[PDB]
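So the sequence shown is residues 436 to 781, counted in the working numbering.
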Amino acid sequence: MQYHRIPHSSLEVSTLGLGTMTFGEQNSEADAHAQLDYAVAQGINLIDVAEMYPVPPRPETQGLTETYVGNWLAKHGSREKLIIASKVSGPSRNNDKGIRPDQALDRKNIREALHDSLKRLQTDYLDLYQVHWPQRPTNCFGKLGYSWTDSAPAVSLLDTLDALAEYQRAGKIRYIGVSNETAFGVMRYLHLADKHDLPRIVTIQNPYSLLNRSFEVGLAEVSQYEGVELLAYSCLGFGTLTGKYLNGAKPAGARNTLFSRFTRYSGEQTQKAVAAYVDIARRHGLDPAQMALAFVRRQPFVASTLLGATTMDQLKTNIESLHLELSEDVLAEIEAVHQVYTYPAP
Ligand SMILES: NC(=O)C1=CN([C@@H]2O[C@H](COP(=O)(O)OP(=O)(O)OC[C@H]3O[C@@H](n4cnc5c(N)ncnc54)[C@H](OP(=O)(O)O)[C@@H]3O)[C@@H](O)[C@H]2O)C=CC1
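Here is the structure:
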C-alpha cells in the first residue's frame, strides 16, 4: 500500500480507501466484515461511512452501515490505526426520507447526528467528520453548472463550521471535511477558518472519475494552493466503467440491474463515453476497472480513492489497481475521448 499525508493534519491516509455504502443492503454483515478485514490486511486505513448508509437509503435500514462497521471495530480492535470517516446529512433531498425533522446543518442536527454515529460505530471519536452535502442549493448531484438561487440558505457556512468546531474541541471529531462541495464553498470555509479562528477543513469528498472530471475546473487549483485534498468517490461510475452494462447487458445482482433509480451514470453521452474508455482498456490489455482507478490515483490532488465492492473478487481486483501505471499512450487516448465526451456524468 501507498500512503498520502493530508496537509494541516495528522492523517496519513492509504492511497486507496474502503467505501461501505452497500453494507446492509446488497452486502450482509459478514460480507462487510470480510471486506474490512481484507482491506486492512492490504494496508488500507481509511474507512468511509455515513449516517444515511446503506444505499439505496430507507428508514428501515438507515444506520446499518455504521452499525456493521462498529460491530467489526468492537471485535478486531486496533481502532487507533484506522481513519474512520463519517458524515452528517445535508437537508433532505431527492425525495428521500429525512433522518430528523426539518433536517439542517445547524448545531442541533449536528449534535444529534454525531452522537448517534458514535454510538453505532462503537467508538468515542471520529477521525474525520464530513458535511455530506451543502445546505444551499448548488451544482452537485447531477448538475454540472451552477444555477442562481433566489432563497438565501437557512443556515450559513459559518453556522455549520461553528457547530463542528465545538465537537472538535470536545475531541469527538479529529478533523472536519466537506462533501459534494464547490470551489466557492471550500474557499468560504477556508476564509471563515482564518477570519474567526475556527478549524480548517482538510478534505473534500467529491465524485471524480473518467466520467466526471469537473473537479478540475475550479477545485483542483484550490487543492494545490490550500491543501484541501480530494477523497474521490464513485471512481468506477457506479460500476459502469467496468463495461458490465455495455450493449444492453443487465448482469444479475449488479447495482443498476437491481436498482434502476441509480441513473447518474446512465445518460446517453455517458454510455458512449463508457464504451470509448472500455475500448481503450481492451486495446491496451488493461482491465477497464483498473484503468479507471489508476487514472484517478495518479492525480496530484487525490489523497485517496474510495473503493466500492460487493464481492471479494471485485475488492481484490480494485486494490490490485495500485500496481498499474498508465502509459503516455493510454493517457493521450483518454484525453482524446474526454474532448468528445466532456463531463458527461456530473
Ligand atoms: N459523498 C458522497 O455523496 C458519496 C460517497 N460515496 C463513497 O464512495 C464509495 C464508493 O462509491 P461507489 O459508487 O460504490 O463506487 P464505484 O463507482 O467504484 O462503484 C462500485 C460498484 O461497482 C461494482 N464493482 C466494483 N468493482 C468492480 C469490478 N472490479 N468489476 C465489476 N464490478 C465492480 C460493484 O457494484 P455491483 O457489484 O452492484 O455491480 C461496486 O459496488 C461509497 O461506498 C461511499 O463510501 C459514494 C457515492 C457518493
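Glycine is no exception: its CB is placed at the ideal position from the N, C-alpha and C atoms.
Below 8 Å between beta carbons: does that hold for residue i and residue j?
i	j	result
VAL657	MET622	yes
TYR564	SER521	yes
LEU446	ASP562	yes
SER739	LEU645	no
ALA716	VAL772	no
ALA548	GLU495	no
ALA729	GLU760	yes
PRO723	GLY672	no
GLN477	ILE534	no
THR638	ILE441	yes
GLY743	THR457	yes
Is residue i close to ligand 1? I mean its beta-carbon at under 7 Å from any heavy atom of the ligand.
i	result
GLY743	yes
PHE673	yes
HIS626	no
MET456	yes
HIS567	yes
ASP466	no
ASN530	no
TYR668	yes
With 16 as the cutoff for other CB atoms within 10 Å, does residue i come out buried or exposed?
i	result
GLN725	buried
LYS685	exposed
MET747	exposed
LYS607	buried
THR500	buried
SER513	exposed
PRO536	exposed
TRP583	exposed
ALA539	buried
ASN530	exposed
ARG718	exposed
residue 409	For the chain, the structure presents residues 436 to 781; residue 409 sits outside this window and is missing.
How many angstroms separate the CA atom of residue i from the CA atom of residue j?
i	j	result
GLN603	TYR610	7 Å
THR455	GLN470	9 Å
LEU481	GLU515	12 Å
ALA600	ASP594	10 Å
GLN774	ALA711	12 Å
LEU654	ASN682	34 Å
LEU596	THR450	27 Å
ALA474	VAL613	24 Å
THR617	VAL652	10 Å
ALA587	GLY525	16 Å
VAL504	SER444	24 Å
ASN506	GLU763	45 Å
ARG635	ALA687	44 Å
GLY662	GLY452	19 Å
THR745	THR675	14 Å
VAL765	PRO735	18 Å
Helix, strand or coil for residue i? Go by DSSP, reduced to three states.
i	result
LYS522	strand
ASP632	coil
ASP714	helix
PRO572	coil
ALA589	coil
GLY498	coil
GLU486	coil
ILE611	strand
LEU508	helix
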